[PDB]
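The chain that follows stands alone, in the form deposited without the named molecule, written as structure tokens.
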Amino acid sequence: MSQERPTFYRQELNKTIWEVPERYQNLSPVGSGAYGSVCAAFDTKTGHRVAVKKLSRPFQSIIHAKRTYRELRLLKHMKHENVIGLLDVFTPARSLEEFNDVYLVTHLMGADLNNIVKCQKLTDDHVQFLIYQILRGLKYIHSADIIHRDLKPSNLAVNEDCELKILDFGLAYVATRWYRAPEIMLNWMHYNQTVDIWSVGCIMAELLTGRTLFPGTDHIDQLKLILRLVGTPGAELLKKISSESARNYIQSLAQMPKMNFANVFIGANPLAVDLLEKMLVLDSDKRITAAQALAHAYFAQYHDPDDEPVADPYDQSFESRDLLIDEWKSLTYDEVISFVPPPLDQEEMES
């Protein structure tokens, strides 16, 4: 009746040592270096393929150690159909004193939203469903006061059933900047969760037109492209920007009117145009939230409030702590050894 603890095995792949539980077999590197050190593997406990990631220099510095801890805490929290989740986390270490390596196991994700677009032309139904699922995932993460901040097509995984998950592949072409709200890009003020809604608007526009909405080359070019669509800030919004230099810069610019989006996105479903208007509002105090957006008539064939859950509370009191490297490392170790795995999925077989 004691819980089994795994036996590990060791191998080399691409000049990298991999030491993993024997349940993970046929490790094979994936993404030719793009995603970091990641292998596909067959999980013998589930009969499915998974991704195994060996973290890079997880405790290099206080910053890296806190980053490691943060990512593990977040991954462990996420329990939602449209957000990446954690299948397993392990280390070959048998104590904190020999703890150096952290491995994360996730589902093997679908191609990203760029790949989807490159390979097929999307129907309005699939645009509705893909944007719906992003918003569904955002309702969940936002309810726990978690903001993504990095939404872009490469951080959205889509499978052959058109099911979507939100993730963040992190550090090291599509610039995250192109999808970023001005107030967060430019540090105008303390921002809200609707920075992510701006990104959804930018993604939706691109799915409708086939073109990047605001492909700015730097912060000033990005701002100018944005204001050309949505118009220069009004008096109400200008008062909420803290920096006098920022305000003075903004006022130096040529006045621009808000464009009529029905002219810009001509051909698109009028409901999609109306929702884009509500997502790309410049003043983030007036921008639609994820939960509100789910109720928009554009999503009438997918929306179901009783199937759009919120998240359990997430304790982010660690974010305010200044700790030493070994303290962040020990906290990470605690999270590894406290991990409780999810149950297997339903295994109904249609053929």
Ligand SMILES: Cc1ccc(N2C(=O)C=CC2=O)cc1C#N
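Start at 1 with the first residue shown and count on from there. If you superpose the two forms and keep the largest set of C-alpha atoms that fall within 1.5 Å, you have the rigid core.
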Residue 122: gap in at least one third of other compared structures: no
Unmodelled in at least a third of other entries of this protein, residue 173: yes
Interresidue gap class [residue 172, residue 173; deposited sequence, unmodelled]: 4 to 9
Of 214 to 222 and 151 to 159, the stretch whose C-alpha atoms average the higher B-factor in the entry: 214 to 222
Mean C-alpha temperature factor, higher of 28 to 36 and 307 to 315: 28 to 36
Per the PDB entry, maximal CA B factor within 85, 201, 257, 182: 257
Among 249, 140, 129, 178 - the residue whose C-alpha B-factor is largest in the record: 249
Third of chain Cα B-factors occupied by residue 19: middle
Ranked against its chain, the third holding the CA B-factor of residue 320: highest
Among modelled residues of the same chain, the CA temperature factor third for residue 289: lowest
Among modelled residues of the same chain, the CA temperature factor third for residue 133: lowest
Third assignment of residue 117 from its chain's C-alpha B-factors: highest
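Although not depicted, the form deposited with the named molecule bound is the subject of the following passage.
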In the deposited bound form, residue 96 touching the named molecule (heavy atom, 4.5 Å): no
Touches the named molecule in the deposited bound form: residue 174 (any heavy atom, 4.5 Å): no
is_contact(residue 100, the named molecule) in the deposited bound form, heavy atom dist at most 4.5 Å: no
Residue contact check: residue 217 to the named molecule in the deposited bound form, 4.5 Å heavy atom: no
Within 4.5 Å of the named molecule in the deposited bound form: residues from 258 to 274 (heavy atom criterion): 264, 265, 266, 267, 268
Rigid-core frame, C-alpha of residue 118, shift of 2 angstroms or more between the shown form and the other one: yes
Pair residue 108/residue 119, Cα separation in the deposited bound form versus the displayed form, closer or farther by 3 angstroms or more: farther
Closer or farther: C-alpha pair residue 85/residue 119 in the deposited bound form, relative to this form, given a change of 3 Å or more: farther
